[PDB]
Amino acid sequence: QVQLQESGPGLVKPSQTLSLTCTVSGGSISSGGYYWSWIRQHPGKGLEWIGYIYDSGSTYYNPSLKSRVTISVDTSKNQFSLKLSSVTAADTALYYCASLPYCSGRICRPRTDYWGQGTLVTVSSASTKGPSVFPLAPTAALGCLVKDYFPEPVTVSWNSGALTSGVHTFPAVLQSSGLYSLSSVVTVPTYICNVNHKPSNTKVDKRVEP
């Protein structure tokens, strides 16, 4: 029905300003009486509301963050955006945009909750670095090795998404160098893995042959 999609840098330097955008499709942020929100979650920890807009006309913020946070709206593009100033290592988190229901008398608006997938933001003064991709050659096992990138995350699809069954992209290792690696494998009877590291605008397609 409604879909939400976060966009943003993945890496910001300490004391700088984090900027993120949420694009809404399937419904209008400008009418209906729905609340459009930013919520963050540091990995392995809780949820913290940041702020929301009601339709596109009023804005309210978490009081402990209000002095660092602005939310703005672009009704023409059906987008809303977040600005978080003076960032610290404590702001590293997964940032979701979301619309959650308010209810009464069995009526909920919206009738179900909508969440984007979240965008990961790492606060660090280290520079971006894109991975090197190597193929993991061969029912049988098959994969792709994505080595030594920063910051997280990397996405791996297979055959531009045509192959999704039997796919497993492993959680990344943090190595002593400070850079990450991961592998994606697919169990199978042409195969290409599509690796994307948005913080470095590195797209690589890797054909992995017998």
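From 1 onward, residues are counted along the sequence shown.
- In terms of unmodelled positions of the deposited sequence, the stretch from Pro138 to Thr139 in this entry skips 4 to 9 residues.
- Between 115 to 123 and 86 to 94, the higher mean Cα B-factor belongs to 86 to 94.
- Annotation for 172 to 180 versus 45 to 53: the higher mean temperature factor (C-alpha) is found in 172 to 180.
- Residue-level inspection of the entry shows that, of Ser165, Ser67, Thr59, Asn62, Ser165 has the top Cα B-factor.
- Taking only the listed residues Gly26, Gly143, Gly32, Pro153, the entry reports the highest CA temperature factor at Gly143.
- When the modelled residues of the chain are ordered by C-alpha B-factor, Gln3 sits in the lowest third.
- When the modelled residues of the chain are ordered by their C-alpha B factor, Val133 lands in the highest third.
- Ranked within its chain, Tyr149 lands in the middle third, by CA B factor from the PDB record.
- The PDB entry assigns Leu11 a C-alpha temperature factor belonging to the middle third of its chain's modelled residues.
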